[PDB]
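Geometric and topological summary
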Amino acid sequence: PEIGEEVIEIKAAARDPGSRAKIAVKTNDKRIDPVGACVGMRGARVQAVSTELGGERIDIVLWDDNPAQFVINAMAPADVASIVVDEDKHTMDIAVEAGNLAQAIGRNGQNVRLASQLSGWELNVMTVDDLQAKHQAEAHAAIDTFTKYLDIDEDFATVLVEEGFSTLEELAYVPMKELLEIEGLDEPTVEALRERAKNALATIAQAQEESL
Amino acid sequence: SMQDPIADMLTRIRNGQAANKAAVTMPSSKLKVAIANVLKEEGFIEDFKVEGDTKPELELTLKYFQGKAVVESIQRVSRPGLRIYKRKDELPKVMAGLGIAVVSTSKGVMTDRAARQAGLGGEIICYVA
Amino acid sequence: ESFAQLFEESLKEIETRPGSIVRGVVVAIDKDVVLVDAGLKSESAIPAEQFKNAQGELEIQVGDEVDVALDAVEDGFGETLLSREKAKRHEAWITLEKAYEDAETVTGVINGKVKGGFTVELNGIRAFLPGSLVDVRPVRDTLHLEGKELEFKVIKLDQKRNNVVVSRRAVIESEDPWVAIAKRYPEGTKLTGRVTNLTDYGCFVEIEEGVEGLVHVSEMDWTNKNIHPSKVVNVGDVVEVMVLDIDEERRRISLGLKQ
Amino acid sequence: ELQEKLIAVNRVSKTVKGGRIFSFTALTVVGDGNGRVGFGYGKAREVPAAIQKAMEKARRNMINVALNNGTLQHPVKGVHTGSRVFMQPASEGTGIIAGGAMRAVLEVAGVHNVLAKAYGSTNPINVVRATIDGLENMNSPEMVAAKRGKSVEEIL
Amino acid sequence: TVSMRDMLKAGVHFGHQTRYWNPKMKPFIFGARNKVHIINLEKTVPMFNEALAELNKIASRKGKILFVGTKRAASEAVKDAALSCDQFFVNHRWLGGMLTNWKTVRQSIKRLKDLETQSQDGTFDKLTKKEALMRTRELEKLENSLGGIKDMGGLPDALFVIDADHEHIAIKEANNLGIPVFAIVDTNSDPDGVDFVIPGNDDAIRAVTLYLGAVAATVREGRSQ
RNA sequence: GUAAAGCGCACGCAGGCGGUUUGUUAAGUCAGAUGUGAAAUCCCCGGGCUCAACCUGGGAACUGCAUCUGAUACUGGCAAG
RNA sequence: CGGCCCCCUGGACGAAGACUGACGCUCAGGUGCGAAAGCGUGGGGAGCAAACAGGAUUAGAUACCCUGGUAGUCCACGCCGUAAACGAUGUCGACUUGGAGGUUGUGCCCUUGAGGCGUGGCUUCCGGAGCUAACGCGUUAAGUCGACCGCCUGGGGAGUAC
């Protein structure tokens, strides 16, 4: 009855009736324990819904705060470790291990859809190694793109891109004072090299003018 | 009459921590100075500053972490009424090592761990936690 | 920065304590409360009876400006002492203006001597006078058309007690309270006094230079005991009262109001 | 997952024009076998209802405790009103050496090894409160490091 | 967002007398002018801005805001502010345990709703006169008390308040439940229970209105976001 | 304070405690060493009675005392402020 | 400790300076002061009034009430050494948010007015943190500490017996 008297904050109910029914719930920090009340004495109330409309794998997740904690909670009941993000379509890239992926993924067409509506958007279950594999497939590319940005000599470019985080793709909007710590920074020229990258972006826009 | 300066120090500190006072001032003494230095080293306070020539004033700056005070507890152990002297083996452990015990030794005033490392005991001034 | 400190002293420089700087803009009217904001901590709960002029209807709408009075702060919530008292300072300035040219010229119409001296009224307020001043000579305005219009020519003022007597006719013609407390004494000199606080046994009308009167509860009316002074007269209003009794020793001048 | 122990139940009276109205107080405590602990003190005309209330209240107003593995992080004192309590961390295998209400709270807390004496009053309610106080104030090594601006190895 | 000059014009800088203050407000006080405390606007402004930002953030995640003022001078204004951003409010006396004892008050809400329905949607008239008068009176009572919070459903996710000392019951409830509190706190008030304090003149009407309007604007922004 | 428990109030010898700085001493204090602190008993690791109790080898301990050699932060003494 | 005066006399506080240079704090024994009643010797004796007497009341009334009334109360010099001698709170020192007063200094300020802004001493009430069994205490602590002393260890028997 706690939920009925506004004591168990229940937002969405991304569940698949007839199979698994995992749903997270929040609560005003006041020694309430939302999942606990939903479960009861040894799943007292949990058993009720279990054999309610039919044998369903109902699950409750202790909602933490915001959408970041909703991701992991949507991967339950399993073992999430990390996840990636983006803009409008962030696409929660589930990051778990093969051993724990067996239960995490559960069924190809079951936990991949039930946990997909959990956040309301969609999730992309991956592997710990997969993350790193794709992670590097990003460092080389702000570089892995035929270097169409600033450009000067290549021997200096290798030593600059060694220390350079996230290549130079639009990196002028970041801290323009930590590359001056690099061994070799006289007059504002590297602060100018980044400007060249900005000009390269304008050049890319000029290439768009060449194509539009 | 004033009989124990160090203890007065400690009480002042305690009261400042209780009352959320930024800084606590009091007349200076060498032993007091050294104690303050030890505390700073042990990080219970931010900084101490003596000021004056004829009658210098020690001013400690108190430390507050997430609202509450840093010096959870601070007691004298030795006192004029009843002195306490400890041998290196017998030296104490405040809060099971999490706190410290200021101890005056032949080689100066130091925390109990430091004394143990040195290999010598002495007069136990105060426990801090 | 010191922006704010400079502003604080600026705003000190551009306000004063008494009701002097006409600053409070009337920002809400409802009957029976007017309210202003003169750059004070709170808004004043103004009566409507400080702000109706001489025939009983209101005169200032929203945005209008009159200063109020100060030097008393927060009885529990709020801010002021009323603005007509401010008008008293303007009346005092007009009366003082006489000194410059030795003649203050207004209208003054004095029908009858309350306490020996005809009562003279300037536009809204009516003040009480000593005997000689109503008439320059023994002319005696009782034979003049009732409430006649001449002027006021000052004969006598008490200079700490607001008793001012003025000469209506004859345009051609042109410690401290308690030692000599025998002026309003003899048996029955009536006075115009503002009441201050009604203590459920009293009213405490007291106007005449740092004295205290009590018209307590027995007279006040022509009913004795069921009266409850707050119902029957006012708060803060100038009334009919006279002495009836003086102690110069135990400083209890026991005025009356049934007269 | 939560475990719950009713420490005590006591009959209390209210005198009225007719006679004595009796009622029952239930002192319970609940915990998850980890840091988290909470006590509840319920009252009702009948016993089961009162204990139900005690459980409800305990389930709310829960409090966390920083446990080094099975025992405490350092000796700690805690008081409440009469019941003054000392409790001391102890080596694995020793078990909960504690008396009465205190014991109960320790068990639910998920401490397995303590040496613990209740000085002063042993009024279950007050003593359990005092226990809770001693457990709450107890801080951990990481916490003190943070407080003091140091690393854990510096503090040892 | 809200400038200092505007606040000065409103009369925020003014604060209670020097016998009625709270020493926990000593930081927030600047000086004492004519035996009246002055609030330090330099320290007030940034925190007010902060509070506004937090309120906006709350709105962005679809948070429920409750606007509390029962001073009966600024009851009208707080209701207006709540409506502008279609949020909820308590402009009349706060019922003791409105939030803590929600479940009971939820029935109260439901009864009020039912009565409203009867009044309006039924169009049934033909009721015994005295009984009809009684039902009307009940409706008025319940409208006064719970009009703003009737559509609220559950518990708010944040609590804006016009006076801390006056609404301390609501504040205490919010603390017990853990709801974030956004309080205007004059010198006499106690800000310990408050999470995002706001030093300003709770009493003066124009200042109250200004506070409300900025809060409403930032709520609307967060909703738009 | 009200549960037992502040002399009715003072002065004041003995006694207890004693602001701050420098120097010195080294009594207290601390460190190391030597001598002793009987054996048995207790405790640790072992051994022997079929096991155990019991017996038994070696250690540790006996928290102390005395001396010698250092340390000098604190307490004390002495000298100057 | 209370009408005025005078004579002799102790302390307290403030204002500035100047000096001494730790000379201090506490204190078992010891010494002194110590309400009222009480005692001794000598004075005094209006009023009041233990005791006492009578009149009432009452079942009784060795009381309460009434009418009287002696010790005493008053003075001098001795003794007594106790009281709910209470703040039922030992003394000395330091530190910790506030408000409203009272009293007594004192510095500045146009005292332009009984005022304005401070800064000291003593003092009444309320109240925060903290403390407390609670009541409450709360910068005059019953808070946070130090120095020294005094005292307590179930109720009665008993602060009695020897």
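Residues numbered from 1 in each chain as written, not as in the entry; some residues may be left out. Chains lettered and ligands numbered in written order. Part of a larger assembly, values for the part shown. Heavy atoms only, no water. Residues with missing side-chain atoms left out of burial classes, pairs and counts.

Chain B carries the name 30S ribosomal protein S8 in the PDB entry, which gives Escherichia coli as its organism.

As named in the PDB entry, chain A is Transcription termination/antitermination protein NusA, taken from Escherichia coli.

Taken residue by residue, the interface counts 15 residues in chain B and 15 residues in chain D. Together chain B and chain D conceal approximately 1,200 Å² of surface at their shared face, both sides included; 54% is due to carbon and sulfur atoms. Where chain B meets chain D, there are one salt bridge. Across the salt bridge formed by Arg148 of chain D and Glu42 of chain B, the nearest N and O atoms sit 2.5 Å from each other. Counting the contacts that link chain B with chain D gives three residue pairs in polar contact. (Contact = heavy atoms within 4.5 Å. Buried area = accessible area lost by both parts, 1.4 Å probe. Salt bridge = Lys/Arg side-chain N within 4 Å of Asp/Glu carboxyl O. Polar contact = N/O pair within 3.5 Å; in protein donor to acceptor, adjacent residues only side chain to side chain.)

Residue and element names in this part refer to chain B. Domain annotation for chain B reports domain 1 (5–69) and domain 2 (74–128). For domain 1 and domain 2, the distance between their C-alpha centroids amounts to 19 Å. Tallying the contact residues gives eleven residues for domain 1 and ten residues for domain 2. Overall, the association of domain 1 and domain 2 removes approximately 1,000 Å² of surface from exposure, summing both partners, and the carbon and sulfur fraction of that is 83%. The largest share of the area that domain 1 buries against domain 2 comes from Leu10, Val38 and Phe44, three residues that together contribute 41% of it. Across the domain 1-domain 2 interface, the total number found is zero salt bridges. Where the side of domain 1 that touches domain 2 is concerned, the elements lending two or more residues are α1 (5–18) and α2 (30–41). With five residues, the single largest contributor to the side of domain 1 that touches domain 2 is α2. For the side of domain 1 that touches domain 2, the class distribution of residues is nine nonpolar, no polar and two charged. (Domains from an automatic or database assignment. Helix = DSSP H or I, 4+ residues; strand = E, 2+ residues; numbered from the N terminus. Nonpolar A, V, L, I, M, F, W, Y, C, P; charged D, E, K, R; others polar.)

Counting residues at the interface gives seven residues for chain D, matched by six residues for chain A. Taking both sides of the interface into account, the surface hidden between chain D and chain A amounts to around 660 Å²; carbon and sulfur atoms contribute 52%. For chain D, the biggest contributors to the area lost against chain A are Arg59, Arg60 and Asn61 of chain D; these three give 56% of the whole. The tally of links between chain D and chain A comes to zero salt bridges. Between chain D and chain A we count one residue pair in polar contact in total. Of the residues belonging to the side of chain D that touches chain A, the class tally is two nonpolar, one polar and four charged.

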